[PDB]
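Report on one structure; see the data block that follows.
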Amino acid sequence: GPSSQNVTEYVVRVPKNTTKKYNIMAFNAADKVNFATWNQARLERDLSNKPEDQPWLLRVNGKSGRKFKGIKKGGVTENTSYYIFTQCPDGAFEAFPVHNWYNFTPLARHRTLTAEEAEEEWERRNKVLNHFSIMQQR
Amino acid sequence: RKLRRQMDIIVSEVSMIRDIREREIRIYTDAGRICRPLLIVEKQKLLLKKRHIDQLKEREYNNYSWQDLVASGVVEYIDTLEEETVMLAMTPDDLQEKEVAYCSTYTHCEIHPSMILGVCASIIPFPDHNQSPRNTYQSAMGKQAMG
Amino acid sequence: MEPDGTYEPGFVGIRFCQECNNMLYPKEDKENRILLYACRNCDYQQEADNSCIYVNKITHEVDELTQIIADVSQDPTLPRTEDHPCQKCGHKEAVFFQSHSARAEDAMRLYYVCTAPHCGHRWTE
Ligand SMILES: [Zn+2]
Ligand SMILES: [Zn+2]
């Protein structure tokens with residue numbers, strides 16, 4: 001067993017015939033992500049106000065799920081290269097190149113504050129004087 | 001530090017300082033930092049020794065350099081920011097005689113104290129016997145003298 | 001209660017909304033006669049665990065055995081002492097120092113750090 005003289009060896013392969021790019025989608029554990037309840041998802045480049053340079057939009061379950069923004073890694077490595085290693089039924093290891101690292105973070109749902117009504121103005125008057133009623137009058 | 005002293009990275013040009021109180025490591029390699037050379041001492045005994053001196057006397061005909069002396073890793077360059085964290089000892093004398101003395105962990109030594117003076121401050125003999133502003137006045141006047 | 005007590009009620013300056021991940025603020029429940037904490041940007045709410053919402057000054061959190069990491073024991077510039085006994089480990093030799101802060105409080109008193117990997121223990125004398 002493991003507590004004894006256990007030795008194990010696996011073959012490692014790095015295929016070149018792959019055509020699909022491999023990317024990382026990272027979450028905070030503090031965000032308590034639950035893939036088990038992701039029934040459906042969308043993933044599209046999203047910068048409609050401004051393809052390969054674009055950040056991501058991740059949309060789970062549509063109107064009844066969470067939505068995230070995907071941001072590009074702060075730079076390529078300058079010494080090492082991150083590789084993805086997968087186990088194969090034959091009993092080998094299989095290694096895959098990372099093309100890119102994207103960071104995904106919480107967007108919120110239908111909250112809509114909108115400081116365009118007169119809230120920048122109201123702030124001028126604000127003495128931490130109100131808080132609830134302004135969110136309601138919208 | 002072992003890498004720097006090995007001369008794998010440039011010495012008077014990669015200064016490296018640690019602030020152990022804040023758990024931080026800061027490194028610098030920009031231009032314009034003022035630094036000076038110092039004799040490294042290790043454990044409790046000076047690292048420069050007699051064979052190196054025998055090479056310097058031989059240098060009068062045999063090929064040798066100050067650069068060789070630095071490549072031996074007996075001398076280092078130290079900038080003012082690092083100089084804040086070292087434990088620098090005035091003379092081999094003190095670092096050896098040190099038995100009942102207060103310190104015991106010197107990390108560099110001066111090659112000599114008289115190197116603290118400028119170039120004009122160097123003409124004057126026994127500047128340490130003179131009231132200090134008398135000595136500032138000579139540094140001005142030497143530059144006026146003719147010869 | 002008793003004179004020989006302490007005032008560390010657990011100032012919980014952090015309790016963010018479980019949903020939008022923002023800070024909770026106090027608010028009254030007159031109906032239930034209980035303080036509650038609510039996020040302003042959403043309806044989520046939860047009861048408090050303490051009756052406190054704010055404190056100020058202690059004046060003397062003399063702050064003697066915190067922040068200062070054991071690893072300061074390595075610094076060659078600090079004075080090694082021949083004075084013995086880590087009150088934890090049966091080994092002499094400790095680095096010591098003082099204040100090292102601007103809220104110097106007037107604490108001239110010395111702080112001693114054990115230097116052998118067995119304690120990292122930090123006392124005062
Ligand atoms: Zn909230
Ligand atoms: Zn101890």
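Chains: A, B, ... in order of the structure tokens. Residues: from 1 per chain. Ligands: from 1, in order shown.
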Residues contacting ligand 2 - anything with an atom at most 10 Å away, using only C-alpha atoms and all ligand atoms - can you give me those as a compact mmCIF listing (two decimals) with C-alpha atoms, in the first residue's frame?
```
# COMPACT_ATOMS: atom_id res chain seq x y z
CA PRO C 85 16.15 30.96 29.80
CA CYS C 86 13.48 30.96 27.08
CA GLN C 87 10.56 30.69 29.48
CA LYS C 88 9.33 27.97 27.12
CA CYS C 89 12.43 26.06 26.04
CA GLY C 90 15.38 25.14 28.25
CA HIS C 91 17.78 27.09 26.04
CA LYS C 92 19.58 30.40 26.53
CA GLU C 93 20.40 33.07 23.89
CA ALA C 94 17.72 35.56 22.84
CA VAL C 113 12.70 36.88 21.17
CA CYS C 114 13.91 33.26 21.49
CA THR C 115 16.08 32.24 18.56
CA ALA C 116 16.26 28.43 18.44
CA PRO C 117 13.74 26.51 16.25
CA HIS C 118 11.71 24.94 19.11
CA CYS C 119 9.72 27.96 20.24
CA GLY C 120 9.89 31.16 18.24
CA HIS C 121 8.42 32.21 21.56
CA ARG C 122 8.01 35.91 22.26
CA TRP C 123 7.97 37.24 25.83
```
Exercise. If we count only C-alpha atoms, what is near residue 6 in chain B at a cut-off of 7 Å, once residues fewer than 4 positions away on the same chain are taken out, given as a list in words?
Worked result: residues 2, 71 and 73 of chain B
Could the residues of chain A that have an atom at most 12 Å from ligand 1 be listed as a tab-separated table, each with its closest atom pair and the distance in Å to one decimal, counting only C-alpha atoms and all ligand atoms and ordered by chain and ascending residue number?
```
residue	atom	partner	partner_atom_place_in_ligand_line	distance
A:108	CA	ligand 1	1 (Zn)	10.1
A:109	CA	ligand 1	1 (Zn)	11.3
A:111	CA	ligand 1	1 (Zn)	10.2
```
Give the residues of chain B that lie within 7 Å of chain C; count only C-alpha atoms, and format the answer as a PDB file with N, CA and C atoms, in the first residue's frame.
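This went into part24.pdb:
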```pdb
ATOM      1  N   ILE B  20      13.650  42.413   7.396  1.00  0.00           N
ATOM      2  CA  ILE B  20      13.143  41.245   8.096  1.00  0.00           C
ATOM      3  C   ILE B  20      12.024  41.617   9.054  1.00  0.00           C
ATOM      4  N   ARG B  21      11.922  42.893   9.375  1.00  0.00           N
ATOM      5  CA  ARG B  21      10.891  43.317  10.289  1.00  0.00           C
ATOM      6  C   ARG B  21       9.535  43.338   9.614  1.00  0.00           C
ATOM      7  N   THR B  85      21.181  47.616   6.753  1.00  0.00           N
ATOM      8  CA  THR B  85      20.952  46.345   7.454  1.00  0.00           C
ATOM      9  C   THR B  85      22.180  45.499   7.783  1.00  0.00           C
ATOM     10  N   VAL B  86      23.383  45.951   7.432  1.00  0.00           N
ATOM     11  CA  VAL B  86      24.561  45.118   7.678  1.00  0.00           C
ATOM     12  C   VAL B  86      25.086  45.349   9.049  1.00  0.00           C
ATOM     13  N   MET B  87      25.989  44.499   9.502  1.00  0.00           N
ATOM     14  CA  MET B  87      26.629  44.737  10.774  1.00  0.00           C
ATOM     15  C   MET B  87      28.118  44.911  10.588  1.00  0.00           C
ATOM     16  N   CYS B 103      29.188  42.935  20.558  1.00  0.00           N
ATOM     17  CA  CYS B 103      28.733  42.284  19.339  1.00  0.00           C
ATOM     18  C   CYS B 103      29.432  40.951  19.092  1.00  0.00           C
ATOM     19  N   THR B 105      28.550  39.314  15.477  1.00  0.00           N
ATOM     20  CA  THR B 105      27.938  38.840  14.238  1.00  0.00           C
ATOM     21  C   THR B 105      28.247  39.737  13.027  1.00  0.00           C
TER      22      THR B 105
END
```
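Backbone DSSP over range 2-101 of chain C gives strand (DSSP E) for residues 25, 26, 27, 28, 29, 34, 35, 36, 37, 38, 45, 46, 47, 80, 81, 94, 95, 96, 97 and 98 of chain C.
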Prev. selection, C-alpha atoms, output as a tab-separated table (two decimals), in the first residue's frame:
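Ended up saving to again17.tsv:
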```tsv
chain	number	residue	atom	x	y	z
C	25	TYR	CA	-24.70	47.72	8.15
C	26	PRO	CA	-26.73	47.84	11.33
C	27	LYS	CA	-30.46	48.55	11.18
C	28	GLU	CA	-33.29	48.34	13.67
C	29	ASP	CA	-36.02	45.73	13.91
C	34	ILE	CA	-33.44	42.94	17.72
C	35	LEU	CA	-30.51	44.44	15.87
C	36	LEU	CA	-30.03	43.09	12.36
C	37	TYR	CA	-27.38	43.59	9.72
C	38	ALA	CA	-28.41	44.35	6.18
C	45	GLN	CA	-30.32	40.30	6.17
C	46	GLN	CA	-29.09	38.37	9.22
C	47	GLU	CA	-29.11	38.92	12.98
C	80	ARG	CA	22.34	38.53	21.01
C	81	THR	CA	22.17	38.09	24.77
C	94	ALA	CA	17.72	35.56	22.84
C	95	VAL	CA	17.61	38.61	20.58
C	96	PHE	CA	16.01	41.63	22.21
C	97	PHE	CA	14.92	45.11	21.23
C	98	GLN	CA	12.58	47.92	22.07
```
Exercise. Taking only C-alpha atoms into account, which residues of chain A are within 9 Å of chain C, as a PyMOL selection string?
Worked result: chain A and resi 31+106-108+111+113+131-132+135
Could those selected residues go to a file with N, CA and C atoms, as an mmCIF file, in the first residue's frame?
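File produced: part_13.cif:
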```cif
data_model
loop_
_atom_site.group_PDB
_atom_site.id
_atom_site.type_symbol
_atom_site.label_atom_id
_atom_site.label_comp_id
_atom_site.auth_asym_id
_atom_site.auth_seq_id
_atom_site.Cartn_x
_atom_site.Cartn_y
_atom_site.Cartn_z
ATOM 1 N N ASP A 31 -15.982 32.069 -3.320
ATOM 2 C CA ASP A 31 -17.192 32.276 -4.112
ATOM 3 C C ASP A 31 -18.125 31.057 -4.158
ATOM 4 N N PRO A 106 -17.316 37.576 -10.245
ATOM 5 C CA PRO A 106 -18.739 37.865 -10.009
ATOM 6 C C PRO A 106 -19.169 39.161 -10.694
ATOM 7 N N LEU A 107 -20.042 39.092 -11.693
ATOM 8 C CA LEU A 107 -21.078 40.111 -11.841
ATOM 9 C C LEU A 107 -22.309 39.855 -10.976
ATOM 10 N N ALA A 108 -23.170 40.864 -10.881
ATOM 11 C CA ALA A 108 -24.367 40.777 -10.056
ATOM 12 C C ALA A 108 -25.589 40.623 -10.949
ATOM 13 N N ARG A 111 -29.904 44.449 -10.308
ATOM 14 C CA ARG A 111 -29.908 45.384 -9.194
ATOM 15 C C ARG A 111 -30.153 46.797 -9.713
ATOM 16 N N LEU A 113 -28.397 50.297 -10.045
ATOM 17 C CA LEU A 113 -28.380 51.483 -9.203
ATOM 18 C C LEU A 113 -28.668 52.724 -10.048
ATOM 19 N N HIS A 131 -30.457 56.395 2.647
ATOM 20 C CA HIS A 131 -29.835 55.246 1.991
ATOM 21 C C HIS A 131 -30.858 54.303 1.348
ATOM 22 N N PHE A 132 -31.948 54.010 2.054
ATOM 23 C CA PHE A 132 -32.935 53.049 1.559
ATOM 24 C C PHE A 132 -33.869 53.664 0.528
ATOM 25 N N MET A 135 -32.972 54.144 -3.333
ATOM 26 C CA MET A 135 -32.964 52.890 -4.092
ATOM 27 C C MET A 135 -34.361 52.407 -4.493
#
```
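CA of residue 46 in chain B lies 8.6 Å from CA of residue 108 in chain B.
Every protein or nucleic acid residue with an atom no more than 10 Å from residue 120 in chain B, counting only C-alpha atoms and leaving out same-chain residues fewer than 2 positions away, appears here: residues 117, 118, 122, 123, 124, 135, 136, 138, 139, 140, 141, 142 and 143 of chain B.
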Exercise. Quick one: residues within 10 Å of residue 91 in chain B, only C-alpha atoms counted, chain neighbours fewer than 5 positions away excluded, as a PyMOL selection string?
Worked result: chain B and resi 96-97+108-113
For this session: Tell me which protein, DNA and RNA residues are within 7 Å of residue 96 in chain A, counting only C-alpha atoms, leaving out same-chain ones fewer than 3 positions away, and put them as a PyMOL selection string.
Result: chain A and resi 14+83-85
Keeping only C-alpha atoms, write the selected residues to a file as a PDB file, in the first residue's frame.
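The file below, part07.pdb, is the result:
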```pdb
ATOM      1  CA  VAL A  14       2.769  15.425 -25.466  1.00  0.00           C
ATOM      2  CA  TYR A  83       1.002  22.469 -18.708  1.00  0.00           C
ATOM      3  CA  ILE A  84      -2.214  20.522 -18.169  1.00  0.00           C
ATOM      4  CA  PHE A  85      -1.730  16.852 -17.321  1.00  0.00           C
TER       5      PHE A  85
END
```
Exercise. Residues at most 12 Å from residue 55 in chain C, counting only C-alpha atoms, excluding those fewer than 6 positions away in the same chain, as a VMD selection string?
Worked result: chain C and resid 7 to 13
Output N, CA and C atoms for every residue in that selection, as an mmCIF file, in the first residue's frame.
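Contents of the output file again.cif:
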```cif
data_model
loop_
_atom_site.group_PDB
_atom_site.id
_atom_site.type_symbol
_atom_site.label_atom_id
_atom_site.label_comp_id
_atom_site.auth_asym_id
_atom_site.auth_seq_id
_atom_site.Cartn_x
_atom_site.Cartn_y
_atom_site.Cartn_z
ATOM 1 N N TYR C 7 -11.590 43.278 28.091
ATOM 2 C CA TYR C 7 -12.516 43.830 27.112
ATOM 3 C C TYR C 7 -12.114 43.513 25.670
ATOM 4 N N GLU C 8 -12.228 42.244 25.300
ATOM 5 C CA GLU C 8 -12.080 41.840 23.906
ATOM 6 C C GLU C 8 -13.364 41.159 23.424
ATOM 7 N N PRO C 9 -14.424 41.956 23.207
ATOM 8 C CA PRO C 9 -15.745 41.416 22.870
ATOM 9 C C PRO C 9 -15.802 40.832 21.461
ATOM 10 N N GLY C 10 -14.708 40.962 20.719
ATOM 11 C CA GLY C 10 -14.648 40.474 19.354
ATOM 12 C C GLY C 10 -15.232 41.489 18.394
ATOM 13 N N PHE C 11 -14.518 42.593 18.203
ATOM 14 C CA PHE C 11 -14.973 43.647 17.307
ATOM 15 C C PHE C 11 -15.030 43.146 15.866
ATOM 16 N N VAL C 12 -16.197 42.653 15.456
ATOM 17 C CA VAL C 12 -16.342 42.043 14.139
ATOM 18 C C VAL C 12 -16.601 43.119 13.081
ATOM 19 N N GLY C 13 -15.526 43.769 12.642
ATOM 20 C CA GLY C 13 -15.611 44.795 11.618
ATOM 21 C C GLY C 13 -15.815 44.203 10.235
#
```
Exercise. Do you have the CA of residue 49 in chain A-CA of residue 23 in chain A distance handy?
Worked result: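 The value is 25.2 Å.
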For this session: Work out how far CA of residue 77 in chain A is from CA of residue 24 in chain A, in Å to one decimal.
Result: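 For CA of residue 24 in chain A relative to CA of residue 77 in chain A, the distance reads 14.6 Å.
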For this session: Find the spatial neighbours of range 33-39 of chain A, counting only C-alpha atoms, within a cut-off of 9 Å - ignore same-chain residues fewer than 2 positions away - and output them as a ChimeraX atom specification.
Result: /A:27-31,41,60-61,65
